[PDB]
Amino acid sequence: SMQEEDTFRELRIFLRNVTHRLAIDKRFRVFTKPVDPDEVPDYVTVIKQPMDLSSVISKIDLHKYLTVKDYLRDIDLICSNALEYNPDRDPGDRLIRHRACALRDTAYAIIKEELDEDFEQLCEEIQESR
Ligand SMILES: Cc1cc2cccc(NCCN(C)C)c2[nH]c1=O
C-alpha cells in the first residue's frame, strides 16, 4: 500500500541521516569507501563480504533495507571485517579496531536514542508479510 511505501521511505530517510552522521566523523574516514585493490590487494582475498558506508548508502537507495535490524547487520559487518583484517597488536591495527568498535557503538547509540521501537516493529511486520 501507499502507507507501507511511506513507512519504508521514512526508514530510508532515517538510515541516510544516521549514515551521513557516521560518514562525516573523522574517526570513520577509513570506513567511508571501499578498499582500493591497488593499495591493498589482499583485502578481497581475506574479506569475503566487504562493506563500507558508501555501499550502505547505495543499498539504502536500492531499497535493500526494510528494517533497521538489517541495516545494523551491515554496520556490524563493517566492524567485524575490520577486527578480522586488522587483528595484530601493532598500533595501526589497534587504531582501526578501536575506530571500528566506535563506529558500531555510535550507530547503535544513535539508533537507541532516535529510533521509535514501534516504527521498527511496523517495518518488521510489513517485511514478514511479504
Ligand atoms: C578498511 C581497511 C582499509 C585499510 C587500508 C589500508 C591498510 C589497512 N590495514 C592496515 C594494515 N594491517 C592490516 C597490517 C586497511 N585496513 C582496513 O581494515
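As the structure lists them, so they are numbered: ligands from 1, and atoms in each ligand from 1. By convention here, the first residue in the shown sequence is residue 1.
Judged by the 6.0 Å distance and 45° axis criteria, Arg12 is not positioned over the aromatic ring of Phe8.
Polar contact with ligand 1: absent for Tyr85 (N/O pair, distance under 3.5 Å). At under 3.5 Å, not a single nitrogen or oxygen of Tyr43, backbone or side chain, sits near a nitrogen or oxygen of ligand 1.
Near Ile96, the atoms of ligand 1 lying under 4.0 angstrom from a non-hydrogen atom of the residue are 2 (C), 16 (N), 17 (C), 18 (O). Close contacts of ligand 1 with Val35, meaning ligand atoms under 4.0 Å from a residue heavy atom, involve 1 (C), 2 (C), 3 (C).
Nearest non-hydrogen protein atom to atom 5 (C) of ligand 1 is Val40 CG2, 3.9 Å. For atom 13 (C) of ligand 1, the nearest protein heavy atom (residue, atom name, distance) is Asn86 OD1, 3.3 Å. Here the heavy atom of the protein found nearest to atom 4 (C) of ligand 1 is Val30 CG2, 4.4 Å.
In terms of heavy atoms, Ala82 sits closest to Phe31 at CB-CE2, 4.0 Å.
Here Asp93 has side-chain heavy atoms under 4.0 Å from ligand 1, and that is the only part of it that gets that close.
Using a 3.5 Å distance cut-off with no hydrogens or angles, the side chains of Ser55 and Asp52 do pair a donor with an acceptor. There is no side-chain donor-acceptor pair under 3.5 Å between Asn17 and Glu114. Between the side chains of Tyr43 and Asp36, no donor-acceptor pair is found at a separation under 3.5 Å.
Between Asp70 and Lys64 no salt bridge is recorded (no basic side-chain N to carboxylate O distance below 4.0 Å).
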